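A short worksheet on the structure shown next.
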Amino acid sequence: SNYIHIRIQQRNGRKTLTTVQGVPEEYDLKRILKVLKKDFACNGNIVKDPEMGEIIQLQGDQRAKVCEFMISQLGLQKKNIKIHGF
Amino acid sequence: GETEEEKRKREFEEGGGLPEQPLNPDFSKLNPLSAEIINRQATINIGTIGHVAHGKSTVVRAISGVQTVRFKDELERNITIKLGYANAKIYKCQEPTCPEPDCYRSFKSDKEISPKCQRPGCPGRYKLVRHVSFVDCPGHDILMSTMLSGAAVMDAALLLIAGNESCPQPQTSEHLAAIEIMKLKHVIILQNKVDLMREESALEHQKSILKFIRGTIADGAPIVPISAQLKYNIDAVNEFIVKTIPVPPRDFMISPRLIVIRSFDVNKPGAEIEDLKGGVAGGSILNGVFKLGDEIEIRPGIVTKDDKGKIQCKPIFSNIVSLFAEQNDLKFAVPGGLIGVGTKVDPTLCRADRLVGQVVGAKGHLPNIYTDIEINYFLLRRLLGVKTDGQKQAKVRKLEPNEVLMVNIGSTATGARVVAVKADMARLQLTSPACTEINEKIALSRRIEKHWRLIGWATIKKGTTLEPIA
Amino acid sequence: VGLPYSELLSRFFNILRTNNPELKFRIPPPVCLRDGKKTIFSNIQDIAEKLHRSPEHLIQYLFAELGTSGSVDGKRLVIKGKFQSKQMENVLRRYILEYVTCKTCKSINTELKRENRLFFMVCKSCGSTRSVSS
RNA sequence: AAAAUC
RNA sequence: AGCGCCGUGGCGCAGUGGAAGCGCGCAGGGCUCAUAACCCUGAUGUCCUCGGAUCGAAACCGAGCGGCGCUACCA
Ligand SMILES: Nc1nc2c(ncn2[C@@H]2O[C@H](COP(=O)(O)OP(=O)(O)CP(=O)(O)O)[C@@H](O)[C@H]2O)c(=O)[nH]1
Ligand SMILES: [Mg+2]
Ligand SMILES: [Zn+2]
């Protein structure tokens, strides 16, 4: 249940977008986007996708860094969250 | 070339099948070992205890063969809330030639009086030494009310320990100690994981377990290596059950009583309601026979809170329609077992966990409900069921006034408030009613780490009664 | 007294040595064919056979893990994406640890069944009732 | 208008 | 166990009563220097199986199947 994983979508000119799918509601999302923006210097979106869920889209190609934020903010598991190569 | 059904039917008709109990036999000559009792009703309730994720229902399925109905689509997998009931029949081989360890055999309760010996080359017929009911108590650290209700129901015990895991499992010790709280001492030690262990490792595990059970009250506890998966050493378990565990004293000289632990609503959906059955309360009968057709009353029953916050308790009167003690409806009942008393009670009283741990009396007796209860309590030195990574397992403190404590009075699970605390006695106010019949051995659990943890034992010495309103 | 317990321990060890002389290292190296935009697994049939798993259940697990919808040719699983061999190896290992091999015993002898309507795994060597459906 | 790459 | 939803051509929605729909894909092409965007072209089905009124049905119903949803483990 409620598995967590991150994906990378490429673009023109090597530019990349990162998506974490599934976020616990224990901590709210705007309060988390605020500190995502500073620590990442990348634009972010709390987008709604049907049958998928709320997604915090972020710019760039960063996986260990969103994970490093996750380990400190709410995540205490580091086992359910999956990293995708792509 | 016979089919399996034909062979089973031939063995059933050869062995005599299941003879119907006499409607009104002479009850002054009727022991729990009589054929009319032994072949069609349990006399000893033996229960299995163990830590979480050990296979508590699997061992009983190995012994008996009937499933506990692990229900609810979420209790299918992790843990059950309601107990697991099971019936098995202990049959010994009458031919002396076959080995004594293999002479015994636990079969399903559908078997006949005299089944043939399945050992290759044995023409002897099995004799039913006893039929035993099985009670499975869930061992999770939040659900302990059901385990203490079962312990109040219990008559014999089977403790389970895993091999490859750590020797000092807190939950197994908690189950054990709770059993010795309830005046129960016939405890048999079972090691389940021997198949995934080596020759030496099981020896150190047995040494550690032997050192573990040294200071507790129970001393003579036999140890059995079993396999819920390979399904071996079952006949040894049956032999130990029959030898070590005799019948606790129970006869027909005491007034009838009932302790309902489960609620069962007979509401087979889809069919027309012009054809329904009675609402069934599943309860243990610790004393007093019941016969087909009786007038009975659930003493706590209706619990209402009026416009002032006061409590009103109306006993639920009912005529007994059936007594599902075993697969076929019986004419009477035998103390020391679990029986589904199906009365005319509306099935919604039996739908959910409503008739959970309540006390029921036959007409001609008035079990007294109490609101404030005087209690004599003794406590243990340290908390149990908690894992401490090498620092002074938490010690049980002393009680304080005006606090909620889960006071499992036999089967009744109540949240009591302590009005006063003395050196050995305390006064409890119950927001949920409880009726005191004779002694009703109590267990106590305190909220120290979020969930409850057992603390000690208690006995009722006085009480403040409430008059039931008919 | 623990004296009559060692005798049954020895008898059980005897019955195990008689019944199970074996007591997995039977995981074939996953072969991932990269063909431009297309990712091919011409060996998934052997993966299903050696892991004693039905193929369509394995495909359901894979596409519940990965976000793709691929086809099967007759025996081989072909998908349209840029997927590495490390991902295939790790999903195979995860399937082994959470589905294929018993989580309480060292056994593959389980197979796939449906106990009310959900997938309820049951074993053959041990027969223990444990079930994982996600 | 929207214009992207380099 | 009972009552609600669904049955692709790879995926979803649409018509359900003249007999194979569209988009999403996928493949190729064109646009161009060149990638997206955009513009063309296809090749896949007793639209789950079995019966029935019907010139006719994949569509209307039903006699069964598979997977979801609620009641709720229904002695
Ligand atoms: N190795 C081994 N595993 C077993 C055995 N019996 C059951 N298991 C496995 O361990 C787990 C425990 O079985 P289960 O019957 O679900 O546990 P329980 O004893 O009912 C749980 P609780 O103690 O909380 O009531 C299951 O996942 C099952 O596969 C056994 O004899 N050996
Ligand atoms: Mg159970
Ligand atoms: Zn197994």
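Laid out as a table, the results:
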{"quantity": "All positions within the range B:407-456 that are acidic (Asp, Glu) and farther than 19 Å from B:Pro468 by Cβ", "calculated": "B:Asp424, B:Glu449"}
{"quantity": "All strands (runs of 3 or more DSSP E) inside chain A with 2 or more residues being hydrophobic (A, V, I, L, M, F, W, C), under 11 Å from the mean Cα position of the chain (by Cα) and within 14 Å of chain C (Cβ to nearest Cβ)", "calculated": "A:4-10, A:81-83"}
{"quantity": "Odd one out for C:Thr101, checked against (1) within 27 Å of B:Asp195 (Cα to Cα); (2) over 14 Å from the mean Cα position of the chain (by Cα); (3) away from every other protein chain (no Cβ under 11 Å)", "calculated": "(2)"}
{"quantity": "Where a residue in the range C:93-118 is among the aromatic types (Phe, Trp, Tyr) and its partner, wherever it lies, is within 15 Å of ligand 1 (Cβ to nearest atom), with Cβ under 8 Å and at least six apart", "calculated": "C:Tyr99/C:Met121; C:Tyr99/C:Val132"}
{"quantity": "Enumeration of residues in the range C:54-71 that are within 25 Å of C:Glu111 (Cα to Cα), within 14 Å of another protein chain (Cβ to nearest Cβ) and surrounded by fewer than 15 Cβ atoms within 10 Å (Cβ to Cβ)", "calculated": "C:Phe63, C:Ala64"}
{"quantity": "Qualifying residue in the range B:68-75 (condition: aliphatic (A, V, I, L, M) and within 16 Å of RNA strand E (Cβ to nearest atom))", "calculated": "yes"}
{"quantity": "Filtered residues of the range B:77-91 (kept if within 14 Å of chain C (Cβ to nearest Cβ) and either within 20 Å of B:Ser284 (Cβ to Cβ) or surrounded by 21 or more Cβ atoms within 10 Å (Cβ to Cβ) (or both))", "calculated": "B:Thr80, B:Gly84"}
{"quantity": "Helices (runs of 4 or more DSSP H) contained entirely in the range C:33-134, each with at least 2 residues that are basic (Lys, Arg)", "calculated": "C:85-95"}
{"quantity": "Residues (among the hydrophobic types (A, V, I, L, M, F, W, C) and within 14 Å of another protein chain (Cβ to nearest Cβ)) located in the range C:1-53", "calculated": "C:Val1, C:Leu3, C:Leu8, C:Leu9, C:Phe12, C:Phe13, C:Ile15, C:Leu16, C:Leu23, C:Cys32"}
{"quantity": "Within the range B:13-56, considering residues that are closer than 18 Å to B:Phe107 by Cα and hydrophobic (A, V, I, L, M, F, W, C), the one nearest to RNA strand E (Cβ to nearest atom)", "calculated": "B:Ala42"}
{"quantity": "Cβ-Cβ under 7 Å pairs, at least 6 apart or on other chains, the range B:217-239 side assigned to a strand (DSSP E or B), far side hydroxyl-bearing (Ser, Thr, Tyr)", "calculated": "B:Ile223/C:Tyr5; B:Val224/C:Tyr5; B:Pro225/C:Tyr5"}
{"quantity": "Candidate set from the range B:251-263 (those that are surrounded by 21 or more Cβ atoms within 10 Å (Cβ to Cβ) and in a loop (DSSP other than H, G, I, E, B)); member that is nearest to the other protein chains (Cβ to nearest Cβ)", "calculated": "B:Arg257"}
{"quantity": "Some residue of the range C:72-79 being crowded, with 16+ Cβ neighbours inside 10 Å and within 10 Å of another protein chain (Cβ to nearest Cβ)", "calculated": "no"}
{"quantity": "Inter-residue pairs, beta-carbon under 6 Å, first within 15 Å of C:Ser133 (Cβ to Cβ) and in the range C:42-64, second part of a helix (DSSP H, G or I), 6+ apart", "calculated": "C:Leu58/C:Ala48; C:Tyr61/C:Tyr95"}
{"quantity": "Which listed residue, of A:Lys65, A:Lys38, is loosely packed, with under 12 Cβ neighbours inside 10 Å and away from ligand 2 (no atom under 16 Å from the Cβ)", "calculated": "A:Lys38"}
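Every residue, every condition in (1) more than 11 Å from B:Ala86 (Cα to Cα); (2) away from every other protein chain (no Cβ under 12 Å); (3) in contact with an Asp or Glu (Cβ under 7 Å, 6 or more places away or on another chain); (4) within 16 Å of ligand 1 (Cβ to nearest atom), yes or no:
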residue: B:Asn24; (1), (2), (3), (4): yes, yes, no, no
residue: B:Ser28; (1), (2), (3), (4): yes, yes, no, no
residue: B:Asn31; (1), (2), (3), (4): yes, yes, no, no
residue: B:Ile37; (1), (2), (3), (4): yes, yes, no, no
residue: B:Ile49; (1), (2), (3), (4): yes, yes, no, yes
residue: B:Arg61; (1), (2), (3), (4): no, no, no, yes
residue: B:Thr68; (1), (2), (3), (4): no, no, yes, yes
residue: B:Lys72; (1), (2), (3), (4): yes, no, no, yes
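A quick yes/no check of all residues on (1) within 16 Å of RNA strand D (Cβ to nearest atom); (2) within 30 Å of C:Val132 (Cβ to Cβ):
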| site | (1), (2) |
| --- | --- |
| A:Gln10 | yes, no |
| A:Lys30 | no, no |
| A:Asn45 | no, no |
| A:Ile56 | no, yes |
| A:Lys65 | no, no |
| A:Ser72 | no, no |
| A:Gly75 | no, yes |
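Because the Cβ atoms are built from the backbone with ideal geometry, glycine has one as well, and the counts that use them run over all protein chains shown. Every read-out reported here was derived from the displayed coordinates using simple, explicitly stated rules and does not represent laboratory data.
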